[PDB]
Amino acid sequence: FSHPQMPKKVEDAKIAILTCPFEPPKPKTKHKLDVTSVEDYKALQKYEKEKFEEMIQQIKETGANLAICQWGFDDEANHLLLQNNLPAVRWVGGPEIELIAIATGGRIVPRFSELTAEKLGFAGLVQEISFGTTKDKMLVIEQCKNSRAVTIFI
Amino acid sequence: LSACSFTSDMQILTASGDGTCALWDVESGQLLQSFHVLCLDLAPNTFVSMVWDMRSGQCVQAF
Amino acid sequence: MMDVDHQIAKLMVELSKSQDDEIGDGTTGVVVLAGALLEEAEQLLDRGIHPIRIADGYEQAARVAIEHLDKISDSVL
Amino acid sequence: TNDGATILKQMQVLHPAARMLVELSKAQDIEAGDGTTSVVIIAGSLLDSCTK
Amino acid sequence: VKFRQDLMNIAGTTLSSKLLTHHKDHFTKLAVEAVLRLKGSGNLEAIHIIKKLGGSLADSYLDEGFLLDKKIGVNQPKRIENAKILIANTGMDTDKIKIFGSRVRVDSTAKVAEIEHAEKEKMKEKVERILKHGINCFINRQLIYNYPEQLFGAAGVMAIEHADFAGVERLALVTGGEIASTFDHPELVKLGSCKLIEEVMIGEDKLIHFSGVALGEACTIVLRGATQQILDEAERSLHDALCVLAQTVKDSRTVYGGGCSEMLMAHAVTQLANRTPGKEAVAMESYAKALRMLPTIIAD
Amino acid sequence: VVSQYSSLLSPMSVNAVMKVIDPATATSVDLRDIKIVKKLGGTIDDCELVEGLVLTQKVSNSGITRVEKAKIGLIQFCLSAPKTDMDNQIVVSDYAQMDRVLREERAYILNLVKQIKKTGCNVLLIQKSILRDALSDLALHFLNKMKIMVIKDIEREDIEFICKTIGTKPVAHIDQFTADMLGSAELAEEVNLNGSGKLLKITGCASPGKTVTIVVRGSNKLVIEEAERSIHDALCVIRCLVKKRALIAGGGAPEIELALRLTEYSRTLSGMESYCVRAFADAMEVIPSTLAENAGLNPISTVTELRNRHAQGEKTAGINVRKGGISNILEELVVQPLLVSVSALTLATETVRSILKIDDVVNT
Amino acid sequence: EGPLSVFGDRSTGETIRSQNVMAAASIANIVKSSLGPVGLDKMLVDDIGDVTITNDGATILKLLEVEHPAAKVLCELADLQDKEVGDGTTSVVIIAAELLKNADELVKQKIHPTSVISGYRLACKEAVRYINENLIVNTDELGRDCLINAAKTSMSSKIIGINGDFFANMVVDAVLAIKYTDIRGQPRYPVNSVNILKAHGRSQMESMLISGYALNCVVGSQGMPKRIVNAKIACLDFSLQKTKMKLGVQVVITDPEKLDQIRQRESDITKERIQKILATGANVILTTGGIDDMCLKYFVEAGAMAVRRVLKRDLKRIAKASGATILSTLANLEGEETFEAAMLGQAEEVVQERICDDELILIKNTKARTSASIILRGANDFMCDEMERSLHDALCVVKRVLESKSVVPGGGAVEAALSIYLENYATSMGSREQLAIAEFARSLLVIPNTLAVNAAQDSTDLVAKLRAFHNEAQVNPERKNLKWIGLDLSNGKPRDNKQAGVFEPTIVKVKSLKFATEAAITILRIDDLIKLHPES
Ligand SMILES: Nc1ncnc2c1ncn2[C@@H]1O[C@H](COP(=O)(O)OP(=O)(O)O)[C@@H](O)[C@H]1O
Ligand SMILES: Nc1ncnc2c1ncn2[C@@H]1O[C@H](COP(=O)(O)OP(=O)(O)O)[C@@H](O)[C@H]1O
Ligand SMILES: [Mg+2]
Ligand SMILES: [Mg+2]
Ligand SMILES: [Mg+2]
Ligand SMILES: [Mg+2]
């Protein structure tokens, strides 16, 4: 889990699979945004803050209990996720993202505006697993309804 | 010293045969965090040597 | 039989050869005794005593020991 | 220098026991600041007695 | 009480072989208290071991609170009683708006100065939002630049900066605070608490001391030694003792040492071998022979 | 090596330690509060104890080298053209905008300097700045025209020391630069060390809070380094006295008494450990032997005489180099804190015990 | 090697002491031949054919390539004496080496080095006290003759010694020219404000003392006049060039019509600045920055001089001498861009003088302050360089004499008197300090011995006669006038050096004694050397 103070065990998790980093949007085309006055600076600051709040609210509106991202996120998004009782994991690889989507029966959502309740996955138990005196953690997603994918832990 | 890829000019990425890259900043001059090396390419808040994340201080993608 | 290079080692070898020549027995006791004497002289020198004084004291003690050996000797047929 | 800790640090001793003595002098300097020469001599004398 | 006695015995047996056997009793009490302060958590990283050169090995101790090896700001107070901790992971250092494609493009330096004043006002408003929580101390994971430091000093608030991820996690565990990154909801963020914060003199380095902590589920063990090698070996021995104690806390089943377990297992193996025909009996006997060889080496 | 200068350095070191601590409360001394400055030239007799702050930086002004009743102020921002944290550019599309930019920059710098001057500040310290010009030519000219001493490139690590010394609160934005952030001082002068360099000394302060500076001078580099090391040793001795308030005699007296009493104790430890305790005592006998040997006396006779005198009943008896024999060492005022000897014994014994547990060497 | 196990060499005991004494003696013997009026200069080839001919000890020891640390100590001692006093650089090295040699001789006799160090310290303190109490002459009793004699003594042993009758007057006039007073009324003589220019050509007697300042620069453009009668000097610290916007300013053109106006203003800004400067009546304009061709044309049309790339220290000296003011920028406190006549310096003439196919600017008779400058003429560059070094020594000596108004007799008189007094006084202090002080007194005799040896004369009998004279002066209260008896190297006979005009500043002897004693103590304090092998 991204924030160390998040709960280590989630039951009946409604997983939301996302491939958009929880950061302010960025055009792919070479772009420059011009700030020409103090009002422009204030508008930009408010825009960033409202983008963070809006993305968190959009995630929370679907009723999800767990958010899985692929590209990571920054401090404000992490603390908002912790503050709204939304455990999350970041930097999940692409193959692992699609495996989670298959196992949990949830779709892969490329941006928050397209995230709905029907695209949410489901898992009976999502837990963080320790391995003794090694400070290494590994997330486990299991107890899915009709998981079409399996993993072997040796 | 092998790699001294000056970055976002607020930060400096430096590395050598030690094997642990170091993140410095110009103004303060304080080592922000030493990531547990010959290349220090940045994002074409993250860089690759193993991809590291500023926001978490850990390797995020290995290849 | 040893192939030594240090001069003091050669002195020890010649001491054993002398003991063998005059007596024929005790060729190992002399080396151990000399080593012990020099080992004690090491700390004596470290305490700040001129080595000539150490040698003179060793000679006096050796004279005393030889006299005592003559005293406690026993004769055989 | 006459300082024992500086003398020990400046010359690059190679034997592990000498390195430990250097660290001992450094620790004595840290805790007290004087006697950095006496402590090493005391340790050497203790080990010399340990020989016999 | 019997479990505490078992923890004592296990820590003593683990430390018997190592260099800490000189002060086995003191170090056993030290390690047992350090493990028990975790309140059943397995986080061995919550126990911080600080190695300070000089002093005797018996001078090592477990601080009743927590020790931080960071520094306080310039004009900020050096001592706070009944502290109200706020642990954060924010910028506090020329935090540019995260729209990387943005830039300032004007036609006069007066506009540039106005934008600079706007940036400074944004930092000031951020500091005011932080101070709205009603705090005395502020620990940030990242760096704090001169302007926020001056604002904190004028507010009479300690601003400990550059406390890394481990540092902020340990502070949150020991004081009960919440590692925040936004300050628009002061009522939704829990604040850490402790009776006293001050600076202590350990050897020749100055450290920040947290006393009378609230939760205390994080320990700082100070190691004093005569050489760096002694300090490293003491750290390794304490790591072994803490690991074994944590494992025993996780699983309380215990077996007797001093070769007793090896003798019992080897006796069972020999009993099995006496009932087995063929060369498998010889292999079993060799297995038991190795099991006996273990305490044989111990006695050797 | 600084023993003919002891009559100068020892009171200097005692005063330096006592200035930075509270005698009624302090249990330890932070030696970082006593800064030592090395300047080549002169002799060790030229060492001084500065009650104020000594800076090695050069005054950027010309002709303003002495300020009386100074009002020093620290600046952590830059006195140059405005430059936001974001990427900033100025776009010129008309010819009038050129001299408009010039005039507006001049007005901005002038406003900054006027705001600084209105507070009454006359000595300005500017923190070292990278990626931005801390001091501009316009800023320097304007400050010179208003009779303000300017010292730039102040290191970031010295801010705390300067603030504790002269009582200045650092200022990072011109908005908060007010009178109460200044630190008054009787004199701020840049002195000349007889052609061996220049030092800026700010002596006299309204609130001289627990900080002192020592200027070390010498003929060549080597004696200067050794003088600094010796002064540090003296400060550490006074720190030891501050920590544990116990004084013990010197000149080999503690080692002789320790060897005698440990031999007596070993005689009551019948068994196999008695030999080890005897060896311990004979090893502690070494320090007085070295003391006698270095003085040119006879080590054996001097050591045995000292041991006999200690056994007679007097414990403050040791090697007397001035007289050349054995005498009551307290008459020569050769004393040292007990902490030094206790720490020496404890650390040496721990190191020996650690070494005795090693029985193999493995090459990695 | 052995049980110590250190990767390097180690010398202990008498070996390292002898090595240190050998190194110090080598350094002393390098420069021993260049002491006193009968001394000789030296050639120093710089491995690529560069030749340096000098008699100054500091220059010789600085140009040499030394490796032994105990010898680097003496070289740095000479450099320190040069920096802090300016004279007696060879004497201090010689005295320190002799002190170290005699101290090691005592140590070899099982005298502890601490006793020798204590004796040396006591002897140095007593020698300083005796010099300050008995061997000083007040300059007010003599006048300008004392300064002239001190300068002439300074030029002795130098390439300009024979021409001392002229060079001493030149030095004294130059020093008195730059005299200024500060707060508390202490007169200060800021040497290094006398610019010294070297230009081969005519004989040494053709050296000129400029009543003003000499600039080693030329006018930017050939079109300007090369002589102004009533100069109005304006000093600038910025370049007079085409205006270019800084890094933070960018020119973006969307309407093509504005480009011509922008490019016009790009030079009109500098044109307006130059017009503002010239409108106040300035005739000579000196700037540390560059000047393009169009600005030079403006100055040509205005009929005014303009010198570019002027050194900053030269500009500061010009501003101080002429009463001008350095202006790094044209910006008043009203936010405008002005230049009023109050910043203009004045001079009675500015000339583009020609000196041996080279031209330089002569600013003559600056007002509001008198300045000085010296142009040295010689056979070649080596002569001019040695002249500059000797002239600097003379200026330093005159500065010391004018600041501290006490002088001492020269020619080894002080050394002999100190030797006699110290060997007499050693009988009262200590038992081994007696020997230490006696050896200090004997070591002080190396200066007259070297002076006598250099003159190819019997040193033994001359030093004996000098010692007898000083002993009679010390033991007979009625013959106290014999304290001034020194050495006359021309005839090899004792001579009253006070009436002979052979003087030195007291600070020279005092600082030489203190520095040499400290260096000898520092070297003598070593008894073991560890030389770690290089890592490569
Ligand atoms: N004047 C003196 N007379 C006799 N003994 C002295 C005198 N000064 C110092 N000592 C002794 O010399 C020993 C060594 O002190 P020193 O060399 O200054 O530092 P360190 O203890 O680090 O070697 C001390 O134990 C002290 O007792
Ligand atoms: N005219 C003179 N007659 C006799 N002795 C002189 C005369 N001029 C100088 N001396 C002596 O010669 C000594 C050597 O001076 P010198 O070597 O030229 O100075 P430095 O040591 O700076 O090179 C001086 O101590 C001085 O007393
Ligand atoms: Mg036999
Ligand atoms: Mg000491
Ligand atoms: Mg074990
Ligand atoms: Mg001279």
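Numbering, chain F: per Swiss-Prot, residues 175-538 in sequence.
Placed from the backbone N, Cα and C atoms, the Cβ positions cover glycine too.
Annotation source Swiss-Prot lists phosphoserine at F:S184 (among others), citing a large-scale study or a structure entry. Its Cβ placed at the centre, F:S184 (phosphoserine) has 15 other Cβ atoms within 10 Å.
F:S202 (phosphoserine) carries neither a helix nor a strand DSSP state and counts as coil. The Cβ of F:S202 (phosphoserine) has 15 other Cβ atoms within 10 Å, all protein chains considered. Positions annotated as phosphoserine by Swiss-Prot, on the basis of a large-scale study or a structure entry: F:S202 (among others).
What Swiss-Prot lists as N6-acetyllysine is F:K288 (among others). F:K288 (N6-acetyllysine) falls within a helical segment according to DSSP. Sequence-distant neighbours of F:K288 (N6-acetyllysine): no residue of the same chain at least 6 apart has a C-beta under 8 Å from its C-beta.
In the three-state DSSP scheme, F:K302 (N6-acetyllysine) falls into the coil class. Long-range neighbours of F:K302 (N6-acetyllysine) (same chain, six or more residues apart, CB within less than 8 Å of its CB): F:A308, F:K326, F:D327, F:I328, F:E329, F:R330. As annotated by Swiss-Prot, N6-acetyllysine applies to F:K302 (among others).
Of all the Cβ atoms in the protein chains shown, 13 others lie within 10 Å of the Cβ of F:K319 (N6-acetyllysine). According to Swiss-Prot, the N6-acetyllysine annotation covers F:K319 (among others).
What Swiss-Prot lists as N6-acetyllysine is F:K326 (among others), and the listing cites a large-scale study or a structure entry. Under the three-state DSSP scheme, F:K326 (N6-acetyllysine) falls in the strand class.
The phosphoserine annotation in Swiss-Prot covers F:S444 (among others), and the record cites a large-scale study or a structure entry as its basis. Look at F:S444 (phosphoserine): DSSP puts it in coil. Note: F:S444 (phosphoserine) has no non-local neighbours, i.e. no same-chain residues 6+ apart with C-beta under 8 A of its own C-beta.
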Conformational class of F:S184 (phosphoserine) under the three-state DSSP mapping: helix
Neighbour count, 10 Å Cβ-Cβ cut-off, for F:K326 (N6-acetyllysine): what number do you get? 21
Among the modified residues F:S184, F:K302, F:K319, F:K326, F:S444, which ones place their CB within a distance below 8 Å of a chain G CB? F:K319
Using DSSP and collapsing to three states, where does F:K319 (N6-acetyllysine) fall: helix, strand or coil? helix
In whole Å, how far does the CA atom of F:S184 (phosphoserine) lie from that of F:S202 (phosphoserine)? 20
What's the CA to CA span in angstrom from F:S202 (phosphoserine) over to F:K319 (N6-acetyllysine)? 48
